[PDB]
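Visitor: All I have is the shape, not the residue letters:
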C-alpha cells in the first residue's frame, strides 16, 4: 500500500541471473589428471 | 553393524580393494568421471586397476573434491 519508510519486505532473486551449463564442451582437467594418473599404471605394466 | 567414520577425507563411494567399484552401489558422478577417462566395467571391476583409479579420488579429497572440479564443465 502507501508507505512513508521501512517497507521491511523480502524479495525473490532477479530473473535469468542464475546462468547454467549446457554446451557440448570437452572433459574437465580433473578427469585429464585421472587419465594421466592411470597412464602411470598402464605404462608400468610394460616397464620396470 | 555401523560404518567406520574414517572416510572424512574421502566421500560416498561403492569401491572396495578386493573387487573394485561395485556398479550396483556406484555413484553417477563417479561413472561420469570414469567414462570421460575411457574406463570400462572390466577395469572398474579389476581390483588392481580400480585401486589406481580410486587412489586418485581419495587423494584430491574424495567423491566431493572430484565433483567440485568436474562442475567447471
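Guide: Looks like it arrived, so ask away. Residues are numbered from 1 along each chain as shown, chains lettered A, B, ... in the order given.

Visitor: Leaving out the residues flanking it, which one is nearest to the residue of chain A found nearest chain B?
Guide: Proximity of chain A to chain B (CB to the nearest CB) peaks at residue A:30, 3.7 Å away. Where you see a C-beta, it was placed from the backbone N, CA and C, and this is true even at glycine. Using CB to CB, 6 or more residues apart in numbering or on different chains and skipping the chain neighbours, the partner closest in space to residue A:30 is residue B:69 (3.7 Å).

Visitor: which helices and strands sit right next to whichever strand or helix holds that neighbour?
Guide: Following DSSP states H and E, one finds residue B:69 within helix B:63-70. Using 3 or more CB pairs under 8 Å, 6 or more residues apart in numbering or on different chains; DSSP states H and E as the contact test, the elements touching helix B:63-70 are helix A:29-44, helix B:28-37, helix B:49-60.

Visitor: roughly how far is that helix from the heart of the chain?
Guide: 11 Å (CA atoms, centre = their mean, to the nearest Å).
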